[PDB]
Every structure is written in C-alpha cells, then in structure tokens.
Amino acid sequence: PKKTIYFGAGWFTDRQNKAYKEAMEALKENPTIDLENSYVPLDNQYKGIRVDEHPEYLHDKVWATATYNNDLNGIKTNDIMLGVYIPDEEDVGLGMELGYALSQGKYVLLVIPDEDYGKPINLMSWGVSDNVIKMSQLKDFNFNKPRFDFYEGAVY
C-alpha cells in the first residue's frame, strides 16, 4: 500500500527552502509514499497566485479564504501530516496546521534537517507530534506502519 501526505513546509527563508527541496527529494524516493496524489501547498495557492510574489493580493479576502480552505482540505483529505521543521525558524502557519492535523486524527511527523536535529523546539510542536525524525531518515521511513516516538532532543 502507499500513503499520501500534506507537504507542510515554509518557503520564506534560505534554510527553509533548502529543507523543502531536500524533503521533496526524500519523499520522491520513499516507496511507501504516493507523492502524485499528495497535496503540496505551493502548487495549490488560489489561482496559482503566490502573494509573496504578488503583493496586490495582500488584501484579497477571497484569495485568502480560498487558499486557507484549500490547505485545510489538503490536510483532512490526505493520510499523513508531514511538517518540515527548522528549529531556528519555526513557522506559525505550520503550527496551526499541526493542531488542525491533530483534530483531524492524522499522523503528525516532524522532519528536522540533520544539522539541526537535537536543537530545542517549542513545547507545543513537541507535544502534538507523533514522531520527530532526521532528514536522512525520511527516504526510508515506513509510512504503512507509523509508530509513536519521542524527539531525541531538547524542548523549550
């Protein structure tokens, strides 16, 4: 069997965009992941518009509503909630999605870049996760048998 995922990753910093590409690649190689039918936010912004790339939409209530709902749909409609996590650059949006994933009863997996693994993460992100792994463990992670595990690291 294969599972689909909601690709929860930011795209506002160099460290973030770096991890984004890495995780994308790991997923592309993982056998247990049906990446084709997965939902990736950046490719599903309303009307293909990226607001950081079109500041005129910074006040469009309809663009916001549509994108927000689309993201939520991407979460409840897929199997796993994957969060690309950067300890030094924690994203509020990802946080909200972790909480929403919890409500939807999804498996919450946080993936931290190998160089950052161990650094302290926020108490809530730690508590809402079902497991926290390193980037290098992503390609071989068996999504058909998701298990609970503690983050081998600090939590502030």
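Between two forms, the rigid core is defined as the largest C-alpha subset superposing within 1.5 Å. Residues carry their position along the shown sequence, with the first being 1.
- After a core fit, the C-alpha atoms in 5 other deposited structures of this protein lie farther on average from the shown form in one of 47-55 and 103-111, namely 47-55.
- When the mean C-alpha temperature factors of 116-124 and 91-99 are read from the deposited coordinates, 116-124 comes out higher.
- The residue among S129, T65, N30, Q104 whose C-alpha carries the highest B-factor in the deposited model is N30.
- Among the modelled residues of its chain, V51 has a C-alpha B-factor that falls in the highest third, as given in the PDB entry.
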